[PDB]
Amino acid sequence: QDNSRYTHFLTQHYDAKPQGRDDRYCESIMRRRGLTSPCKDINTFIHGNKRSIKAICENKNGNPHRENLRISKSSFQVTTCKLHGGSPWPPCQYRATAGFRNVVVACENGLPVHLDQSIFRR
Ligand SMILES: [N]
Ligand SMILES: [Pt+2]
């Protein structure tokens, strides 16, 4: 029942209904979620329903993937924030890329605890 890695995953990588998913969105949400001291070079947020993200950890919405990971069956609205410049330290300028695809996570105790950022590097 230690769900600290799960709640930290939601803080770093979940935003249920974001509205506009533009550069302005990235610069504000990266500050809100505490990902700017220092500036995280890439960070992806998953949108939609929490339960479908949890379900990646089951055969209901996931397949095993590479050494220790799982890849979702369903596609998710996502937004990738990429650091522009320059400096590791704030102010942190971000380029947003809105996407729609499956996601790769690590699961522990049936909860996502890590997002594999490599599929969003592109
Ligand atoms: N992580
Ligand atoms: Pt991680």
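Read-outs: derived from the displayed coordinates by stated rules, not from any lab. Every residue, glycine among them, receives a Cβ derived from its backbone with ideal geometry; neighbour counts consider all protein chains shown.
Which pairs turn up if I take residues in the range 94-122 that are farther than 18 Å from residue 52 by Cβ and assigned to a helix (DSSP H, G or I) and look for partners that are within 16 Å of ligand 2 (Cβ to nearest atom) and of a type in the set (A, V, I, L, M) with beta carbon separation below 6 Å, at least 6 apart in sequence or on another chain?
Going by the 6 Å Cβ cut-off, the qualifying pairs are 117/42.
When you check residue 11 against the structure, is it among the hydroxyl-bearing types (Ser, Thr, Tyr) and either assigned to a loop (DSSP other than H, G, I, E, B) or closer than 16 Å to residue 77 by Cα (or both), yes or no?
For residue 11, the condition - among the hydroxyl-bearing types (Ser, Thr, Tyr) and either assigned to a loop (DSSP other than H, G, I, E, B) or closer than 16 Å to residue 77 by Cα (or both) - is not met.
Can you pull out the residues in the range 74-93 that are within 21 Å of residue 52 (Cα to Cα) and in a loop (DSSP other than H, G, I, E, B)?
Those that are within 21 Å of residue 52 (Cα to Cα) and in a loop (DSSP other than H, G, I, E, B): 74, 75.
Does residue 67 fit the bill of being in contact with a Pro (Cβ under 9 Å, 6 or more places away or on another chain) and among the charged types (D, E, K, R)?
no
Pick from the range 1-41 the residues that are polar (S, T, N, Q) and within 15 Å of ligand 1 (Cβ to nearest atom): which of them is nearest to the chain's Cα centre (by Cα)?
Applying the first criterion (polar (S, T, N, Q)) to the range 1-41 yields 1, 3-4, 7, 11-12, 19, 28, 36-37.
Next, only the ones that are within 15 Å of ligand 1 (Cβ to nearest atom) stay: 3-4, 7, 11-12.
Values: 3: 17, 4: 16, 7: 12, 11: 9, 12: 6 Å.
This residue is 12.
Just wondering, is there one or more residues in the range 67-87 that are basic (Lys, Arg) and over 20 Å from residue 119 (Cβ atoms)?
Of the range 67-87, the ones basic (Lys, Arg) are 70, 73, 82.
Remaining after also requiring over 20 Å from residue 119 (Cβ atoms): none.
No, every residue in the range 67-87 fails to be basic (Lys, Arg) and over 20 Å from residue 119 (Cβ atoms).
Where residues in the range 94-115 are under 11 Å from the mean Cα position of the chain (by Cα) and farther than 18 Å from residue 4 by Cα, which of them is nearest to ligand 1 (Cβ to nearest atom)?
The extreme case among them is 104.
Would the range 78-92 turn up any residue that is of a type in the set (A, V, I, L, M, F, W, C), within 16 Å of ligand 1 (Cβ to nearest atom) and closer than 24 Å to residue 3 by Cα?
No, there is no match, as no residue in the range 78-92 is of a type in the set (A, V, I, L, M, F, W, C), within 16 Å of ligand 1 (Cβ to nearest atom) and closer than 24 Å to residue 3 by Cα.
Mind counting the residues in the range 1-51 that are surrounded by 15 or more Cβ atoms within 10 Å (Cβ to Cβ) and of a type in the set (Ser, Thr, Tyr)?
Of the residues in the range 1-51, 5 are surrounded by 15 or more Cβ atoms within 10 Å (Cβ to Cβ) and of a type in the set (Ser, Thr, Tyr).
Being of a type in the set (S, T, N, Q) and either surrounded by 14 or more Cβ atoms within 10 Å (Cβ to Cβ) or closer than 22 Å to residue 16 by Cβ (or both) is the filter here; which residues of the range 64-108 pass it? Full working, then the answer.
Applying the first criterion (of a type in the set (S, T, N, Q)) to the range 64-108 yields 68, 72, 74-75, 77, 79-80, 87, 93, 97, 102.
Those that are of a type in the set (S, T, N, Q) and either surrounded by 14 or more Cβ atoms within 10 Å (Cβ to Cβ) or closer than 22 Å to residue 16 by Cβ (or both): 72, 74, 75, 77, 79, 80, 93, 97, 102.
Looking at (1) free of Cβ contacts under 8 Å to residues at least 40 places away in the same chain; (2) of a type in the set (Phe, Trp, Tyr); (3) away from ligand 2 (no atom under 16 Å from the Cβ), can you tell me which one residue 14 breaks?
(3)
Which of (1) within 16 Å of ligand 1 (Cβ to nearest atom); (2) not in a loop (DSSP other than H, G, I, E, B) is the odd one out, the single condition residue 51 does not satisfy?
(1)
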